[PDB]
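Chains as they are written, first to last, in the entry's author numbering: chain B, 27 to 70, 80 to 142, 157 to 176, 187 to 210, 215 to 347; chain I, 1 to 119; chain J, 1 to 109; chain A, 348 to 595. To start, the structure itself, in structure tokens.
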Amino acid sequence: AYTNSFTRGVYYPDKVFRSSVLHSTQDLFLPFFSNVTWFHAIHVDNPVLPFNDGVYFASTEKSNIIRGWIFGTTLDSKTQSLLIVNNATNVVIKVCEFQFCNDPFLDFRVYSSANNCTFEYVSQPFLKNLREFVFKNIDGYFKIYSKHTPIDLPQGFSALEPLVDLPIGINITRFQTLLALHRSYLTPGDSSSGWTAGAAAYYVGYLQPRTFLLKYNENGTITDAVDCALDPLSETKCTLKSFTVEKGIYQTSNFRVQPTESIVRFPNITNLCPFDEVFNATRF
Amino acid sequence: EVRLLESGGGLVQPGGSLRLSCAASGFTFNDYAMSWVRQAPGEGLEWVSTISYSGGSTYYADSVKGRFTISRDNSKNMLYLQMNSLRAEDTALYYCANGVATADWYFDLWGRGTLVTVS
Amino acid sequence: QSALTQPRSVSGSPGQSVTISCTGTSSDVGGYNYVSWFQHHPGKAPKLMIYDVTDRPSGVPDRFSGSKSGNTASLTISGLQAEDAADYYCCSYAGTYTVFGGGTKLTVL
Amino acid sequence: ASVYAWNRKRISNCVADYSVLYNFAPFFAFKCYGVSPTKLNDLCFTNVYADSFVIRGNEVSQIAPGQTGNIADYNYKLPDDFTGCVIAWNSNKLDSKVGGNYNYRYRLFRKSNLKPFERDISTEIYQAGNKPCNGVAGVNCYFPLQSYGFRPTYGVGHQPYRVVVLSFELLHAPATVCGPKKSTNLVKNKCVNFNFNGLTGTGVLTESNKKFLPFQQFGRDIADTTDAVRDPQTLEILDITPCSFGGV
């Protein structure tokens, strides 16, 4: 399915406090008004989605049916894949190149081959309530931002706070989600039949390099943002560095049609040159 | 712990043939060059032969060249010396040695020695 | 032999100093700095006292020192003790072969 | 480690005093880049990466920002922005062997150069000719790795050298690696020289009245002027104001 994503996805990018000031930053953000895929949590277990540059994962659920994720460049043990699983007691993040089954196991708590872990970590758990997450991994670190809010996606603006900064430098290229279920059978391989589970849904969006104008309030919290490259009005606000523009004419930028082709032109004189006959001289 | 043990000495008639062995224990035999050094009664130490850590390189002393053959079994942690055409000047106490604690070209590790008598 | 040329005998009284010389060729002593000195008692394994013209392995006192000039190496033993009496051999690694000196008998009277 | 498959260790959560490597070998080279080494006891770095491998002395020139060659291109590549120091020393006595140490290898063939800090451990045949090598070598098709074969008969240029390249990565958060120093009782309401985890300055320190969120470590007014700081000991927010000055 599809649904446009409103003004969501903004997060504190640099953990430095600023009060009652406007700041423009170029980073990987979620472009405003972009449509996002919508999925339901009944059965098919779940297909893999590429990790282009960063994922904005929102979920409205009330029974902890979704409990983790799995990332890596491949599901086989041929590469140091990653494991991240939340729980009622704590969160468990693991990187052990565990080979996976034909399908991700449906919780019967684990189904994977042997491991050769290089990093392991544990911490407190992540617990009508709209949970939002932003996953980013660019500079050798994998970073998480999050927010839990009471309540479709609301139009209200709210920024995510940096939750965890992990140092793992694995090359992530594909990603999947992890579900759970009560009294469910578990097998290394299964068809699209699945097992019964509660009604639930999760949205997915893809991040892009954009320039954002962020507004900090007197208490250091982000209250509004403008996508500098969305439409001409936003670009004018972003240029004047002011959310309110008065009547007038403004020179915002310049445009230039790009070249559509490249051509090379060389003469026809081939013939090799005598190089290995001067360097290979016997007497200089 | 780390040990070298020579073996295979005995009385043999001149021009005969003998095989010496050196038994390694306590270290990675195949990581180290092995050498045979002997000491003939009344004479000083004499380097006889050196084999590299792999086994693909064998060095011998001229005084025993041709007639002596060095070998090693890195699977069994064993070094060997095949002495053929044994002459009377080959009567000696025979040692195996390596450089486990210093450098490949030194003799810091030694065996106990094997006595070789050529009649 | 082909050994490095050493004095056959040197004698010293306990507490005094003695220097022992080792002359070889341009392919061993005068080629590399891979010169060794050995303390030896017939019937037991030699003990390395000096390897590398002037360097002592672990456990060798600074009373033992080594030197080299040209094709000649030199070992000097200071503070002579009764247990220093032994046979001393220089040694040179030359790449394609190792060569020991002919040995100097040190007697501590 | 071999240079083609070079080892990386992240160092963190500790104090970096370098008086140890000063009681270490006669160094072949200490070429340090973008930082004075004699000041490497007041470091306050966030992350430090320790890449390690062995080469011969003739090849140490390739270990530098913006260098070229078999090592720099197909084995170990450094970025042009390198901020760190390179320490190297002859390890001939331990790593050279009689017939050559053939356990140390390096990549001879690669279709493209590595990106900075990239690692290629592939062992797949190389095509120097125009015949597709189907997992087979021979004429014009080569194995991409080659052993050094360190021998005691080599010159010092061809002798094994152990190399450690320390990359100092900057940041804006807890310098989880800092230098051997000490702390002093905090002073307020006086023009004082302060050193908060590396930030040196002058000014009057005052108790803060602004609500820093638990994940923030610095405070700024307009134009990046450091206005506040959280204590690395009392974890308390402090206001910074430059002490009085003016024209006469």
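Ideal Cβ positions, reconstructed from N, Cα and C, are used throughout, including at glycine.
The Cβ of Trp-47 of chain I sits closer than 8 Å to at least one Cβ of chain J.
For the segment 25–43 of chain I, the set of residues with a beta-carbon nearer than 7 Å to any beta-carbon of chain A comprises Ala-33, in chain order. When the five nearest sequence neighbours on each side are left out, the beta carbons in the same chain lying within less than 7 Å of the beta carbon of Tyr-59 of chain I are those of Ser-49 and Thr-50, in order along the chain.
Look at the segment 423–449 of chain A: the residues with a C-beta under 7 Å from a C-beta of chain I are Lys-440, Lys-444, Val-445 and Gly-446. DSSP places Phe-29 of chain I in the helix class (H, G or I) of the three-state scheme. Nearest in C-alpha terms to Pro-217 of chain B, of all of B:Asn-121, B:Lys-187 and B:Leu-141, is B:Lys-187. Assignment of alpha helix (DSSP H) within the segment 473–546 of chain A, counting only whole runs of 4 or more residues, yields no such run. The contact set of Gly-66 of chain J on chain A, defined by CB atoms closer than 9 Å, is empty, because the minimum CB distance reaches about 17 Å. At least one C-beta of chain A is nearer than 8 Å to the C-beta of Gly-95 of chain J. Identification of chain B residues near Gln-564 of chain A by a Cβ-Cβ cut-off of 7 Å yields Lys-41, ordered along the chain. With respect to the C-alpha of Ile-203 of chain B, the residue from B:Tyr-38, B:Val-308 and B:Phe-43 having the closest C-alpha is B:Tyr-38. From the listed residues B:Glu-281, B:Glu-298, B:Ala-123 and B:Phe-135, the smallest Cα separation to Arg-44 of chain B is found for B:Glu-281.
Beta-bridge annotation (DSSP): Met-83 of chain I is paired with I:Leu-18 and I:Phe-68. Across the structure, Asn-164 of chain B and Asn-542 of chain A are spaced so that their CA atoms are roughly 45 Å apart.
The straight-line gap separating the alpha-carbon atoms of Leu-4 of chain J and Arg-454 of chain A is approximately 44 Å. A buried status is given to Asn-196 of chain B, since no fewer than 16 other beta-carbon atoms sit within 10 Å of its beta-carbon.
Under DSSP, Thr-91 of chain I forms no beta bridge with any residue.
When 9 Å is used as the limit between beta carbons, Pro-499 of chain A is near these residues of chain I: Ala-103, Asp-104 and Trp-105, in chain order. The beta strand (DSSP E) runs lying completely inside the segment 375–430 of chain A and spanning 3 residues or more are 394–403, given in chain order.
Going by DSSP, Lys-310 of chain B is part of no alpha helix (DSSP H) at all; its letter is neither H nor E. With a beta-carbon spacing of about 18 Å, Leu-141 of chain B and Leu-84 of chain B fall beyond the 8 Å limit used to define contacts. Listed along chain J are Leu-48 and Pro-57, each with a C-beta nearer than 8 Å to that of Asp-108 of chain I. The C-beta distance from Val-289 of chain B to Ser-297 of chain B rounds to 5 Å, short enough to fall under 8 Å. The contact set of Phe-559 of chain A on chain B, defined by CB atoms closer than 7 Å, consists of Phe-43 in chain order. Between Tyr-89 of chain J and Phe-100 of chain J a beta carbon distance of about 5 Å is seen, short of the 8 Å cut, so the two are scored as contacting. Excluding sequence positions up to five before and after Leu-518 of chain A, its CB lies within less than 6 Å of the CB of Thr-393, all in the same chain and listed in chain order.
The secondary-structure analysis by DSSP pairs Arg-319 of chain B with nothing; it has no beta-bridge partner. Exclusion of the five residues before and after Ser-17 of chain I leaves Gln-82, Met-83, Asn-84, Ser-85 and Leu-86 as the residues of its chain whose Cβ lies within less than 8 Å of its Cβ.
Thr-114 of chain B and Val-130 of chain B do not touch by the CB rule: their CB atoms are close to 11 Å apart, not below 8 Å. For the pair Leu-244 of chain B and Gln-493 of chain A, the Cα-to-Cα distance works out to about 54 Å. Non-local beta-carbon contacts of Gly-526 of chain A in its own chain, meaning distances under 6 Å to residues more than five positions away in sequence, involve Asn-388, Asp-389 and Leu-390 in chain order. In the DSSP assignment, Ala-264 of chain B forms a beta bridge with B:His-66 and B:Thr-95. Inside the segment 5–35 of chain J, DSSP marks whole beta strand (DSSP E) runs of 3 or more residues at positions 9–12 and 18–23, from first to last along the chain. Counting only residues of its own chain and dropping the five nearest sequence neighbours on each side, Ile-358 of chain A has a CB closer than 7 Å to the CB of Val-395, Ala-397 and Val-524. A straight line joining the alpha-carbon of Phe-338 of chain B with that of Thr-345 of chain B spans about 14 Å.
A straight line joining the alpha-carbon of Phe-306 of chain B with that of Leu-48 of chain B spans about 10 Å.
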